[PDB]
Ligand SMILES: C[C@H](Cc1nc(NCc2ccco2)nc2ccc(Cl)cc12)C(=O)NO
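As structure tokens, one chain now follows by itself in the form solved without this ligand.
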């Protein structure tokens, strides 16, 4: 049955709630982004209205075959009316097409649902600046002070410099990047751009990327693996066995692999700077784990919430254990006492 933290009070609405069958009292189903833990349950047999971004709607139609008459895309940063309730979609700084949703309830309550997000000070100048928010449905993925990670820009600098050095030293090295969902496209696009190459990938992944409105995409990606020296593979194949096998398939065009696994957080962050990251190596294969996150760090999350000053916080992540829930509630109280709201 649908959990309370996926239901928006005073409305007929649910958020990211497609795996529970027909939810009692639900007149419109919102989808924040196209990640499987959020879309789980949608298919061509769904016949209720789905409200989402343009990009998420492309993916619903093309990848899951949802029929067009039930997809309701909304423009961002624009006041819209849904079943008699004013809503606004905001950029979540997550993966392509990911949104936060502002609901203006008929009784005067304003609710922000962040979906999955990476808080940024640029959000402090969107339509959020213009009114008070009473209730916040918050992505608490990394809500503990041990979770620090560098900016996305530092991590991409590291990747570009590492790849450019390796290929200039050995023009017969292949770069491989792991993927299992949309998001983190900058990793493989930035590397291909510095090397003067397209990114090669499976037909299924190319289709997925063609749904994303990324400018000049036909210029950066391809299904012709032979012409590319940056290859995308499933995240599960980014290990010594999987990579040795791939290299066999390239027919002696290459004699070395440099591979990237963009993880979120790994405890190497508590001790080590990005500058100091080193690979695991076996023979002619090296594997770098890079801390490229599309979720808030602890400090980013804290700054957002202390700026917004909500009256009530509803966590949406790590809510299944009493120890996690108690930990989060203690941080929310600290934040409120330190800031004075």
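Take the two forms, find the largest set of C-alpha atoms that superpose within 1.5 Å, and that set is the rigid core. Residue numbers count along the first chain shown, from 1.
With 168 to 176 and 211 to 219 as candidates, the stretch whose CA atoms show the greater average offset from this form in 8 other deposited structures of this protein after a core fit is 211 to 219. Between 226 to 234 and 171 to 179, it is 226 to 234 that carries the larger average Cα temperature factor according to the deposited entry.
Taking the mean C-alpha B-factor of each stretch as recorded, 211 to 219 and 184 to 192 are not equal, and the higher mean is that of 211 to 219. Out of 256, 161, 245, 114, the entry records its largest CA B-factor for 245. For the set 145, 150, 200, 252, the PDB entry puts the maximum C-alpha B factor at 252. Sort the modelled residues of the chain by CA B factor and residue 15 lands in the lowest third.
In this PDB entry, residue 35 carries a Cα temperature factor that places it within the lowest third of its chain's modelled residues. When the CA B factors of the chain's modelled residues are split into thirds, the value for residue 129 lands in the highest one. Residue 29: CA B factor lies in the middle third for its chain, per the PDB record. Split the chain's modelled residues into thirds by C-alpha temperature factor. Residue 273 is in the highest one.
Heads up, the form solved in complex with this ligand isn't pictured, but that's what we're talking about next.
Taking 208, 141, 162, 228 one by one, only a single residue has any non-hydrogen atom within 4.5 Å of this ligand in the deposited bound form, and it is 141. Remark: residue 198 does not count among the residues lining this ligand in the deposited bound form, judged by a heavy atom distance of 4.5 Å or less. Among heavy atoms of residue 67, none comes within 4.5 Å of this ligand in the deposited bound form. Put simply, residue 271 is far from this ligand in the deposited bound form: not one heavy atom of it is within 4.5 Å.
Although the partner is absent here, residue 246 sits far enough away that none of its heavy atoms falls within 4.5 Å of this ligand in the deposited bound form. Exactly one of the stretches 175 to 183, 151 to 159, 200 to 208, 79 to 87 approaches this ligand in the deposited bound form with heavy atoms within 4.5 Å, and it is 175 to 183. Contacts between 26 to 43 and this ligand, taken as any heavy atom within 4.5 Å in the deposited bound form, involve 33, 35, 36, 37, 38.
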